[PDB]
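Everything on this sheet refers to the single structure shown next.
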Amino acid sequence: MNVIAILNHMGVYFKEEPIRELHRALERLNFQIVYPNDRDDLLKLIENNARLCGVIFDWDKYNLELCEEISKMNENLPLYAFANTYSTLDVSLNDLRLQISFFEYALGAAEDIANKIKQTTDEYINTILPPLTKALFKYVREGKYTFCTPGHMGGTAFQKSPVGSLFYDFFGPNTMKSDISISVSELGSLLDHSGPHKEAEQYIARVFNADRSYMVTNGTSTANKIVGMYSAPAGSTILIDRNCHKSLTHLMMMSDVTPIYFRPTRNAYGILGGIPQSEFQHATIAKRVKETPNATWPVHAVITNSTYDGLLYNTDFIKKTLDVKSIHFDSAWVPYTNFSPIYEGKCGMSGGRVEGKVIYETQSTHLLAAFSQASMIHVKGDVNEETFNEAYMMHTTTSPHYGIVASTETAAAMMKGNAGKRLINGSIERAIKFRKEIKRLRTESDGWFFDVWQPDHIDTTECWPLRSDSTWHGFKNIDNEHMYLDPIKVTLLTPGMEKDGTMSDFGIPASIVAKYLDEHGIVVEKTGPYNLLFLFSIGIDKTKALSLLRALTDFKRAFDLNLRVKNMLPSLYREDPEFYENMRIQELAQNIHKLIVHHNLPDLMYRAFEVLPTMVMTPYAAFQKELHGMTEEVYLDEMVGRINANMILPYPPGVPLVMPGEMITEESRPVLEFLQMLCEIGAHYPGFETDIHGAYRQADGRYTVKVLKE
Amino acid sequence: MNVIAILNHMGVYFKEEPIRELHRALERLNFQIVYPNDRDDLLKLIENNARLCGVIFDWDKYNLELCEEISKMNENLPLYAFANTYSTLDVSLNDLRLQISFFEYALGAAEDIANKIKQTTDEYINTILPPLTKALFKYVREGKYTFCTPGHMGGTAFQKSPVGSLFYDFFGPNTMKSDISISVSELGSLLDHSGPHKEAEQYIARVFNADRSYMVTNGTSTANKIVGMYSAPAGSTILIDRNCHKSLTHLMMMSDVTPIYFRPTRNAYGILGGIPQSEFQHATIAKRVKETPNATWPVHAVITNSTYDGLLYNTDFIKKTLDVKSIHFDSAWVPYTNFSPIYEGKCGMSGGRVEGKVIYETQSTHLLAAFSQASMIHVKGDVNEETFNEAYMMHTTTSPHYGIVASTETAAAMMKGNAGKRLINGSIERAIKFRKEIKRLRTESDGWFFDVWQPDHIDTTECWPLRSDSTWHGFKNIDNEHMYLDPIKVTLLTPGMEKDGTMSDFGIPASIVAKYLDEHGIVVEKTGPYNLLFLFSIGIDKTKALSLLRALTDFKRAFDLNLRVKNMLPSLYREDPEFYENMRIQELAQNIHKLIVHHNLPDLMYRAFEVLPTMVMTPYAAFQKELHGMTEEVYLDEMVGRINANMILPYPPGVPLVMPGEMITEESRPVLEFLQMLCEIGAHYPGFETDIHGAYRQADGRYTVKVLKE
Amino acid sequence: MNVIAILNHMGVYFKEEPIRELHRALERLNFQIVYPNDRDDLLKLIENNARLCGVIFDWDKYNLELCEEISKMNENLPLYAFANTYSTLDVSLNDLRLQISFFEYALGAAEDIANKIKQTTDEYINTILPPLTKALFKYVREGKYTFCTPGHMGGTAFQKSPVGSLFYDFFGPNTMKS
């Protein structure tokens, strides 16, 4: 932070010479002076460079031309205004709130003015930096504790070791010294929620519109279990989205609870739809309580809001309708709802308390930018603070990393205020630009191209509603004014399926487009049989957009030339030279596509997940048997009529198929048929193997599963 | 890594000029040349500087004088030997294993020789560096994934933000880029234990003498729960050291188990003694099974080996004697046992398997040097790998930090081989030196001084045995050839108690010595009423030893002058100027000491922990009530006859006093008397407050505790 | 292969200063910068000089005036395009097949951008060179076979002989080692 811009020649020595003296005095005080070519260049420098930290200018020549323009960009930026004859305090200025220091052009003033500017900059720096990190830097500068642990002693031991020097040499002293313990007692305490730790909680709780906010450093995996174990008593029944995370299965195995499942809808594509309004209404729930063996009224519900594909609930309706005392919105996908008005009435925290209920959001901070494992628990309502805090303290890491904690606090510091508001606004604007760019290239090229899966026109900047009277989304009998498409989540479609969900004769499975992009280091966020997703973050610049956009036109060009796999996919070639020697990219695509077409994969996959295996015992009940080691393996073929010991998690489509305690019967035979079909279709091409978790491929090529012993 | 030493003038141009040409050629290839004044300076440079990475010398002038000396220090260090007339392959060399490249002094050779040396150094570097970190650096150099998350995009977002720049500016690009996800698929997988992750496990498992080793990144807190939940079935009885960690209480509350406690011995000082041999013998355990309500034969035992004060068990005796199928040595204090022969027969992993039993060590790597939260599970025996691995995967962080994992791997890299063996040997040697230094200063000074708590003579370098025929240790009727003192753990004694455990008229409580050292930034590892501990690590150098040694003589000097608290403890003074205005350091000491003497604190503390509160219900049973919110607060005075809801953990002495479900009665009245006494003695001086966890100081100054409702 | 052409003054510090920083950063990375007097001089340089291996330009000032003209001469030639306000992905570009990397004018970017350009140039070089000659050069750089024949040992014997040095001195190590 040392670049000072100067903008001018004035035509008079009495002005020019003091600025020369000040230039020189400031350079001696370790400032880099930069000189925008013109007024517009200066505004672009500021706009793009946060390291520009002051502007010197002639008051008369520039004040009415600059002051408001700069204040729009950054209201703390130091301005050093030099006066002429007519320079003064005009009544027009009286009403503006500006951060202004007035200075004259004089030789020999730089020493004192520089010292004041230094002090005033430190004052501004001190205001904007968060206090815990500020104190940490001060310790690293001043403190003198020797004869101390950690044994590495500020990384010292790493430097005398070539092997340790590799790790130290990269990270360096500061990184090594920031790994501190409670021996630095003046930073307060996380466990007492005291000092700069309280200041952080209030800052966050106020920013994110929560009653109370906890900082969790082991992800939403851990936030779920802290909320779960406090929330789900033994012997109780819970309503749980059949679309649930594994960490909630691990909770069920550890707690004696009976699940009744909210039942999402699904369309032919396999895209999950929302739990319909009926699922929340007292009459519907009461009926399932009647139909579920040993069920009682639910004590805790967990809803995933939004769905992945951007269907958000009318949360005003849910909070009013769902008659459950404890409602936990796992809102991992929507951490940003407080920051766009388009999400009002469509998020957990929106509005005020819900009388008679505690509402949770658990959020995976790491659709924002933060270190992996950073998660928040946002509580809207009361807990038993002593029992909740004991629950928190029992599940706290053994050695908390002092950076991870600061990384989550500094992630907010970055996104804070205007400039973070303007950053996200910019990304929304470019999202819509890119959307229209795909349409352009679709026009310009002869023959097949990518398309976008979206409404016919997007004349409106919002999360576009999905309506029952529209066909573009492919869902059947959708609720209206219920689901909305987030502009920044861009799905692309590859050739292979019809707008119906029926199959084309010509197809290019998306997995092949991924292999190509993988040779070129470009990662596809998410891929399905014929779909690819791209996220337009604040990362994504003009260089990356051009490289991606160009890479996509290069795929088409290379595909259409029918390049040899040998030439287009050299790393794949090296896996089996003979297998791949003569194959061309279009033949690889044809063969895999023909398999998909023939094996009717989408229909079989759809049907496997539309019925439920039979719950013979609960996951917890089966785990009691496992706890005593009462498990054997059987072959996959032999599994009908047996009680499964493990979750069986196949890829595709990546969601649980059989739970511990469930059994395939005749009612649920399509389950087994899908599984056997996956083993067959995936046995053909090296690099395109079957993948089913919970099934064990024996060295002989047969699959086993774990079952309960009799 | 670029410093090359040259050692010589030879008196002939045909030798000197090529070395000039090579000096210049090497400087142009970015080597720093250094010139030891003499042969001894070179050996000291090598000994102290790992960045010296090559030595050029005249073969004849130096080979018989240098080769073996350097090979003793570092057997990979590149040597570049220049030949004369008599230089050749003498039969005497045939048997030595050396890393030698032979070169001639010639102009113009540096370009090619430098390139070979560069390549040969990279080959050596590549051998010594561990492969996962090596691959990570290569990615950071070569890879080109754009349009990607993490959103911060290699820290890019931090740089445009003064607040984020504070965090980035300190850590920098490399630190920011090493926070990666499984998108970098070529590093293998932790969860599959595959690729460079397997290579790490084998490396560690072989180094630490285990059958199998797991890498845990959430401390031994988490290692305990992974082993616990696999090991302790519901309805079973467990033998557990009444000296247990809180994380094992949190396990008991979560699992339906019945505890029977191994009962340590204790002496008047309050120092824990070992569970006697009788506690392991079948007849003793059988008798407690009879006497314990609803007890069955134990399925799992947890012993803390060693004790803190260095009493190690004959583990050969325990493994042979203790008739329990599952024995878990929580060996957090003894991570280094594999590396000194003095610990043979005295650690969990020593020797081979124990037929018919699984033996665990859980170790807190962070008495070594590693990041906080680093812990290992070392298994000696078989587990059900699928159920154990499912247990591991359920308790794995949400977002693993990729550095923490490398920090534990690089901590081993540092300590590896000879140089890490010589480092620890050096620390043992200095420990004994310092021990004799305290004795010297004790002689030189008139009047009182510090003493060391150790045997009368230490003519032997080992862990000295504590014997029943010796009085120095203060324990009553100790087992012989049972406990040993680790030389590197140095306890110092302050005036105040007699060698009996009886009280002196003159005392200086250790807490006051801590306040002094705290003003000077010096931390005391561990303090008790009249004791202070110092660890002589590989960190501790001559500068730190002198500063500590001098700081200790300065305390005496300043104490004996009776400086004003105002002058000697200015920060304490600022807390209450009026309170402290006229008080001198000796008066502060007197008043606090007189309190200790009068309140007979050691006797009362000793007695509070020698009886056990009555277990009315188990901690788990009480938690069922808490699970339903059935808790109220009562005042401390009102607690006899009530069932405690929380653990009550007082400081001092820092170990549990009452468990959930326990009740103070008449049998255990000294418990309440100690607690009330602590509230009284600690109410006198600002900065010397009472501290009891589980008791809540109300704003009015009264204490409450949580109890079960009736 | 190290001559990079720069074609411009733009009249604004926010553009000119990053290009100054990049000029200097690139010169430190061992590039020779050349400056065509004008657009036509640049096209003649390219047309006549295969050692010109990259062009840096302002996207708006020059893209519609240069892109097609350069693509007619050499379709692998690295272009480093710097963006302004109106710079973006216009539907008109969607159909052209071009080798384009997009970059911004920024101080301190040269170290990373230079490394990417170096890598991208090596990728282009590696595509165009035939693989046997490529492998031969790699051996001459890395391999370490000593105690070997040919007896001349990479021409070594020629250098100690004035008569043999006449033949070696002219051809040199590379010719002798191939």
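By order in the structure tokens, chains are A, B, ...; within a chain, residues start at 1; ligands start at 1, following the order shown.
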
Using only C-alpha atoms, find each residue in chain C having at least one atom no more than 6 Å away from chain A; report its shortest atom-to-atom pair and that distance in Å (one decimal), rows by chain then rising number, as a tab-separated table.
residue	atom	partner	partner_atom	distance
C:11	CA	A:37	CA	5.5
C:12	CA	A:37	CA	3.6
C:13	CA	A:36	CA	3.6
C:14	CA	A:41	CA	4.5
C:91	CA	A:440	CA	4.6
C:94	CA	A:441	CA	4.6
C:95	CA	A:444	CA	5.7
C:101	CA	A:543	CA	5.9
C:102	CA	A:543	CA	3.7
C:103	CA	A:543	CA	5.3

Please dump the current selection as a PDB file, in the first residue's frame; keep C-alpha atoms.
ATOM      1  CA  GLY C  11      -2.849   8.708 -23.627  1.00  0.00           C
ATOM      2  CA  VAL C  12      -3.718   7.306 -20.171  1.00  0.00           C
ATOM      3  CA  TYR C  13      -1.515   6.306 -17.292  1.00  0.00           C
ATOM      4  CA  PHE C  14      -3.822   3.421 -16.250  1.00  0.00           C
ATOM      5  CA  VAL C  91     -21.317 -12.542 -30.935  1.00  0.00           C
ATOM      6  CA  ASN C  94     -18.059 -16.647 -31.853  1.00  0.00           C
ATOM      7  CA  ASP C  95     -17.444 -18.197 -35.235  1.00  0.00           C
ATOM      8  CA  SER C 101      -5.248 -15.377 -24.628  1.00  0.00           C
ATOM      9  CA  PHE C 102      -6.884 -12.366 -22.988  1.00  0.00           C
ATOM     10  CA  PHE C 103      -4.815 -10.301 -20.541  1.00  0.00           C
TER      11      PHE C 103
END

Using 7 Å as the limit and counting only C-alpha atoms, can you tabulate each residue of chain B that touches chain A, with its shortest atom-to-atom distance in Å and the two atoms involved, as CSV?
residue,atom,partner,partner_atom,distance
B:49,CA,A:160,CA,6.2
B:50,CA,A:160,CA,4.8
B:128,CA,A:163,CA,6.4
B:129,CA,A:163,CA,5.3
B:144,CA,A:521,CA,6.0
B:145,CA,A:521,CA,5.1
B:146,CA,A:544,CA,5.9
B:147,CA,A:540,CA,5.4
B:148,CA,A:523,CA,6.9
B:150,CA,A:369,CA,6.1
B:151,CA,A:369,CA,4.4
B:152,CA,A:369,CA,5.4
B:153,CA,A:539,CA,5.9
B:158,CA,A:414,CA,6.6
B:160,CA,A:50,CA,4.8
B:161,CA,A:414,CA,5.7
B:162,CA,A:50,CA,6.6
B:163,CA,A:129,CA,5.3
B:164,CA,A:414,CA,5.3
B:170,CA,A:174,CA,6.3
B:171,CA,A:175,CA,5.5
B:174,CA,A:170,CA,6.3
B:175,CA,A:171,CA,5.5
B:218,CA,A:397,CA,5.6
B:219,CA,A:398,CA,4.6
B:220,CA,A:398,CA,6.8
B:221,CA,A:398,CA,5.4
B:233,CA,A:627,CA,6.7
B:247,CA,A:394,CA,6.9
B:250,CA,A:394,CA,6.3
B:368,CA,A:151,CA,6.4
B:369,CA,A:151,CA,4.4
B:372,CA,A:399,CA,4.4
B:373,CA,A:399,CA,3.6
B:394,CA,A:250,CA,6.3
B:397,CA,A:218,CA,5.6
B:398,CA,A:219,CA,4.6
B:399,CA,A:373,CA,3.6
B:400,CA,A:373,CA,6.5
B:410,CA,A:164,CA,5.5
B:413,CA,A:163,CA,5.7
B:414,CA,A:164,CA,5.3
B:521,CA,A:145,CA,5.1
B:522,CA,A:145,CA,5.4
B:523,CA,A:145,CA,6.9
B:537,CA,A:151,CA,6.6
B:538,CA,A:151,CA,6.9
B:539,CA,A:153,CA,5.9
B:540,CA,A:147,CA,5.4
B:544,CA,A:146,CA,5.9
B:627,CA,A:233,CA,6.7

Please save C-alpha atoms of the selected residues as a PDB file, in the first residue's frame.
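Final output, saved to part08.pdb:
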ATOM      1  CA  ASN B  49      23.979 -24.456   8.140  1.00  0.00           C
ATOM      2  CA  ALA B  50      21.857 -26.888   6.086  1.00  0.00           C
ATOM      3  CA  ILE B 128      14.958 -36.586   0.125  1.00  0.00           C
ATOM      4  CA  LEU B 129      11.735 -34.633  -0.398  1.00  0.00           C
ATOM      5  CA  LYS B 144      -3.411 -23.754 -15.663  1.00  0.00           C
ATOM      6  CA  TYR B 145      -6.942 -24.318 -14.320  1.00  0.00           C
ATOM      7  CA  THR B 146      -8.947 -21.088 -14.746  1.00  0.00           C
ATOM      8  CA  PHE B 147     -12.746 -20.475 -14.377  1.00  0.00           C
ATOM      9  CA  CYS B 148     -12.410 -22.483 -11.237  1.00  0.00           C
ATOM     10  CA  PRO B 150     -12.060 -21.597  -4.719  1.00  0.00           C
ATOM     11  CA  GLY B 151     -13.644 -18.191  -5.302  1.00  0.00           C
ATOM     12  CA  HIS B 152     -10.574 -16.388  -4.039  1.00  0.00           C
ATOM     13  CA  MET B 153      -8.663 -17.809  -7.040  1.00  0.00           C
ATOM     14  CA  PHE B 158      -7.531 -10.588  -1.246  1.00  0.00           C
ATOM     15  CA  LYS B 160      -7.907  -5.835  -4.353  1.00  0.00           C
ATOM     16  CA  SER B 161      -9.027  -5.376  -0.731  1.00  0.00           C
ATOM     17  CA  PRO B 162      -6.977  -3.536   1.908  1.00  0.00           C
ATOM     18  CA  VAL B 163      -8.645  -5.636   4.612  1.00  0.00           C
ATOM     19  CA  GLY B 164      -8.113  -8.956   2.763  1.00  0.00           C
ATOM     20  CA  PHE B 170       1.281 -11.693   5.209  1.00  0.00           C
ATOM     21  CA  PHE B 171       0.741 -15.277   3.936  1.00  0.00           C
ATOM     22  CA  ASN B 174       2.015 -19.885  -2.190  1.00  0.00           C
ATOM     23  CA  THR B 175       0.135 -20.266   1.124  1.00  0.00           C
ATOM     24  CA  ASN B 218      -8.243 -33.345  14.487  1.00  0.00           C
ATOM     25  CA  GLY B 219      -5.937 -34.196  17.403  1.00  0.00           C
ATOM     26  CA  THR B 220      -5.921 -37.108  19.832  1.00  0.00           C
ATOM     27  CA  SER B 221      -9.357 -35.775  20.987  1.00  0.00           C
ATOM     28  CA  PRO B 233     -20.114 -51.471  22.992  1.00  0.00           C
ATOM     29  CA  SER B 247     -13.198 -36.264  25.597  1.00  0.00           C
ATOM     30  CA  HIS B 250     -18.072 -36.929  26.324  1.00  0.00           C
ATOM     31  CA  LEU B 368       7.435 -33.161  19.452  1.00  0.00           C
ATOM     32  CA  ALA B 369       7.116 -30.313  16.929  1.00  0.00           C
ATOM     33  CA  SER B 372      -1.803 -28.054  16.865  1.00  0.00           C
ATOM     34  CA  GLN B 373      -4.508 -30.686  16.285  1.00  0.00           C
ATOM     35  CA  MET B 394     -17.964 -40.585   9.587  1.00  0.00           C
ATOM     36  CA  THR B 397     -13.567 -33.073   8.831  1.00  0.00           C
ATOM     37  CA  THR B 398     -15.807 -31.323   6.262  1.00  0.00           C
ATOM     38  CA  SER B 399     -12.843 -29.634   4.516  1.00  0.00           C
ATOM     39  CA  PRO B 400      -9.385 -31.065   5.230  1.00  0.00           C
ATOM     40  CA  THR B 410       7.296 -32.556   7.107  1.00  0.00           C
ATOM     41  CA  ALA B 413      11.165 -35.213   7.420  1.00  0.00           C
ATOM     42  CA  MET B 414      12.955 -32.760   9.728  1.00  0.00           C
ATOM     43  CA  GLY B 521       7.435 -12.298  28.197  1.00  0.00           C
ATOM     44  CA  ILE B 522       8.903 -15.533  29.583  1.00  0.00           C
ATOM     45  CA  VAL B 523       6.335 -18.305  29.879  1.00  0.00           C
ATOM     46  CA  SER B 537      13.797 -28.510  23.435  1.00  0.00           C
ATOM     47  CA  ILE B 538      15.647 -28.238  20.172  1.00  0.00           C
ATOM     48  CA  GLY B 539      14.465 -24.617  20.043  1.00  0.00           C
ATOM     49  CA  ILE B 540      16.340 -23.671  23.108  1.00  0.00           C
ATOM     50  CA  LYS B 544      17.513 -18.179  25.265  1.00  0.00           C
ATOM     51  CA  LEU B 627     -31.721 -34.103  26.827  1.00  0.00           C
TER      52      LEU B 627
END

>> I'd like the neighbourhood of residue 356 of chain A as a list in words, where a residue qualifies if any of its atoms comes within 10 Å (using only C-alpha atoms), though same-chain residues fewer than 4 positions away should be ignored.
In response: residues 323, 324, 325, 326 and 381 of chain A

How would the residues just picked look written out with C-alpha atoms as a PDB file, in the first residue's frame?
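After the write, part.pdb holds the following:
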ATOM      1  CA  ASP A 323     -46.427 -27.570  12.376  1.00  0.00           C
ATOM      2  CA  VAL A 324     -43.034 -28.636  13.754  1.00  0.00           C
ATOM      3  CA  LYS A 325     -41.302 -26.898  16.649  1.00  0.00           C
ATOM      4  CA  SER A 326     -37.765 -27.151  15.198  1.00  0.00           C
ATOM      5  CA  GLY A 381     -34.622 -18.414  18.029  1.00  0.00           C
TER       6      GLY A 381
END

> Which residues, written as JSON, numbers by chain, have at least one atom at most 6 Å from residue 703 of chain A, with only C-alpha atoms counted and residues fewer than 5 positions away on the same chain left out?
Replying inline: {"A": [635, 636, 695, 696, 697]}

> Tell me, which residues of segment 307-553 of chain A carry DSSP strand (DSSP E), written as JSON, numbers by chain?
Replying inline: {"A": [326, 327, 328, 329, 330, 358, 359, 360, 361, 362, 363, 364, 375, 376, 377, 378, 379, 380, 451, 452, 464, 465, 484, 485, 489, 490, 491, 492, 493, 526, 527, 528, 531, 532, 533, 534, 535]}

>> Can you tell me, as a ChimeraX atom specification, which residues in segment 56-206 of chain B count as helix (DSSP H, G or I) by DSSP?
In response: /B:59-73,91-93,110-128,131-142,156-159,162-171,173-177,185-187,196-206

Residue subset to file, keeping C-alpha atoms, as a PDB file, in the first residue's frame:
ATOM      1  CA  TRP B  59      41.688 -34.006  -3.980  1.00  0.00           C
ATOM      2  CA  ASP B  60      45.276 -34.543  -2.749  1.00  0.00           C
ATOM      3  CA  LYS B  61      45.468 -31.520  -0.412  1.00  0.00           C
ATOM      4  CA  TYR B  62      42.311 -32.520   1.449  1.00  0.00           C
ATOM      5  CA  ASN B  63      40.788 -35.946   0.717  1.00  0.00           C
ATOM      6  CA  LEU B  64      42.396 -37.887   3.626  1.00  0.00           C
ATOM      7  CA  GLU B  65      41.824 -34.825   5.853  1.00  0.00           C
ATOM      8  CA  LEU B  66      38.138 -34.209   4.890  1.00  0.00           C
ATOM      9  CA  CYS B  67      36.273 -37.092   3.315  1.00  0.00           C
ATOM     10  CA  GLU B  68      35.408 -39.060   6.434  1.00  0.00           C
ATOM     11  CA  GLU B  69      34.763 -35.878   8.472  1.00  0.00           C
ATOM     12  CA  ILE B  70      32.129 -34.665   6.006  1.00  0.00           C
ATOM     13  CA  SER B  71      30.541 -38.124   5.529  1.00  0.00           C
ATOM     14  CA  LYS B  72      29.964 -38.146   9.345  1.00  0.00           C
ATOM     15  CA  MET B  73      27.857 -34.960   8.978  1.00  0.00           C
ATOM     16  CA  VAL B  91      42.556 -49.702  -3.224  1.00  0.00           C
ATOM     17  CA  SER B  92      41.963 -48.085   0.216  1.00  0.00           C
ATOM     18  CA  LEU B  93      38.922 -46.240  -1.195  1.00  0.00           C
ATOM     19  CA  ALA B 110      31.683 -24.634 -15.516  1.00  0.00           C
ATOM     20  CA  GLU B 111      28.800 -24.414 -17.993  1.00  0.00           C
ATOM     21  CA  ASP B 112      28.613 -28.187 -18.440  1.00  0.00           C
ATOM     22  CA  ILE B 113      29.791 -29.087 -14.920  1.00  0.00           C
ATOM     23  CA  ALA B 114      27.274 -26.589 -13.413  1.00  0.00           C
ATOM     24  CA  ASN B 115      24.471 -28.207 -15.424  1.00  0.00           C
ATOM     25  CA  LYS B 116      25.523 -31.666 -14.193  1.00  0.00           C
ATOM     26  CA  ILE B 117      25.813 -30.477 -10.589  1.00  0.00           C
ATOM     27  CA  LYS B 118      22.382 -28.780 -10.922  1.00  0.00           C
ATOM     28  CA  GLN B 119      20.909 -32.065 -12.246  1.00  0.00           C
ATOM     29  CA  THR B 120      22.707 -34.163  -9.619  1.00  0.00           C
ATOM     30  CA  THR B 121      21.510 -31.794  -6.846  1.00  0.00           C
ATOM     31  CA  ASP B 122      17.926 -31.999  -8.155  1.00  0.00           C
ATOM     32  CA  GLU B 123      18.310 -35.815  -8.088  1.00  0.00           C
ATOM     33  CA  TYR B 124      19.435 -35.643  -4.449  1.00  0.00           C
ATOM     34  CA  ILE B 125      16.695 -33.110  -3.599  1.00  0.00           C
ATOM     35  CA  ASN B 126      14.147 -35.382  -5.284  1.00  0.00           C
ATOM     36  CA  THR B 127      15.260 -38.386  -3.197  1.00  0.00           C
ATOM     37  CA  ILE B 128      14.958 -36.586   0.125  1.00  0.00           C
ATOM     38  CA  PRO B 131       6.540 -37.191  -2.972  1.00  0.00           C
ATOM     39  CA  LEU B 132       3.180 -35.531  -2.177  1.00  0.00           C
ATOM     40  CA  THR B 133       4.701 -32.111  -1.344  1.00  0.00           C
ATOM     41  CA  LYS B 134       6.955 -32.458  -4.395  1.00  0.00           C
ATOM     42  CA  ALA B 135       3.896 -32.980  -6.657  1.00  0.00           C
ATOM     43  CA  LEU B 136       2.077 -30.048  -5.051  1.00  0.00           C
ATOM     44  CA  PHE B 137       4.970 -27.661  -5.921  1.00  0.00           C
ATOM     45  CA  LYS B 138       5.002 -28.951  -9.489  1.00  0.00           C
ATOM     46  CA  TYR B 139       1.284 -28.230  -9.837  1.00  0.00           C
ATOM     47  CA  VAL B 140       1.712 -24.672  -8.502  1.00  0.00           C
ATOM     48  CA  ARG B 141       4.418 -24.149 -11.179  1.00  0.00           C
ATOM     49  CA  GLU B 142       2.796 -25.803 -14.241  1.00  0.00           C
ATOM     50  CA  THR B 156      -6.499 -12.852  -6.100  1.00  0.00           C
ATOM     51  CA  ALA B 157      -9.572 -11.404  -4.370  1.00  0.00           C
ATOM     52  CA  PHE B 158      -7.531 -10.588  -1.246  1.00  0.00           C
ATOM     53  CA  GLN B 159      -5.194  -8.222  -3.203  1.00  0.00           C
ATOM     54  CA  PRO B 162      -6.977  -3.536   1.908  1.00  0.00           C
ATOM     55  CA  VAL B 163      -8.645  -5.636   4.612  1.00  0.00           C
ATOM     56  CA  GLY B 164      -8.113  -8.956   2.763  1.00  0.00           C
ATOM     57  CA  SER B 165      -4.645  -7.742   1.720  1.00  0.00           C
ATOM     58  CA  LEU B 166      -3.635  -7.754   5.379  1.00  0.00           C
ATOM     59  CA  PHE B 167      -4.202 -11.536   5.510  1.00  0.00           C
ATOM     60  CA  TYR B 168      -2.902 -12.188   1.941  1.00  0.00           C
ATOM     61  CA  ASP B 169      -0.025  -9.735   2.240  1.00  0.00           C
ATOM     62  CA  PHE B 170       1.281 -11.693   5.209  1.00  0.00           C
ATOM     63  CA  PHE B 171       0.741 -15.277   3.936  1.00  0.00           C
ATOM     64  CA  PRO B 173       0.416 -16.515  -3.061  1.00  0.00           C
ATOM     65  CA  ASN B 174       2.015 -19.885  -2.190  1.00  0.00           C
ATOM     66  CA  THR B 175       0.135 -20.266   1.124  1.00  0.00           C
ATOM     67  CA  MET B 176      -3.108 -19.269  -0.602  1.00  0.00           C
ATOM     68  CA  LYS B 177      -2.581 -21.665  -3.532  1.00  0.00           C
ATOM     69  CA  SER B 185      -6.795 -35.726  -8.481  1.00  0.00           C
ATOM     70  CA  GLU B 186      -3.272 -36.731  -9.145  1.00  0.00           C
ATOM     71  CA  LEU B 187      -2.313 -36.544  -5.454  1.00  0.00           C
ATOM     72  CA  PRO B 196       1.377 -40.866  -2.233  1.00  0.00           C
ATOM     73  CA  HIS B 197      -1.025 -41.257   0.746  1.00  0.00           C
ATOM     74  CA  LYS B 198      -0.181 -44.967   0.995  1.00  0.00           C
ATOM     75  CA  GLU B 199       3.488 -44.209   0.598  1.00  0.00           C
ATOM     76  CA  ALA B 200       3.125 -41.891   3.618  1.00  0.00           C
ATOM     77  CA  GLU B 201       1.329 -44.483   5.767  1.00  0.00           C
ATOM     78  CA  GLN B 202       3.986 -47.129   5.051  1.00  0.00           C
ATOM     79  CA  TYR B 203       6.770 -44.645   5.699  1.00  0.00           C
ATOM     80  CA  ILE B 204       5.219 -43.720   9.085  1.00  0.00           C
ATOM     81  CA  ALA B 205       4.071 -47.217  10.033  1.00  0.00           C
ATOM     82  CA  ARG B 206       7.607 -48.479   9.405  1.00  0.00           C
TER      83      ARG B 206
END
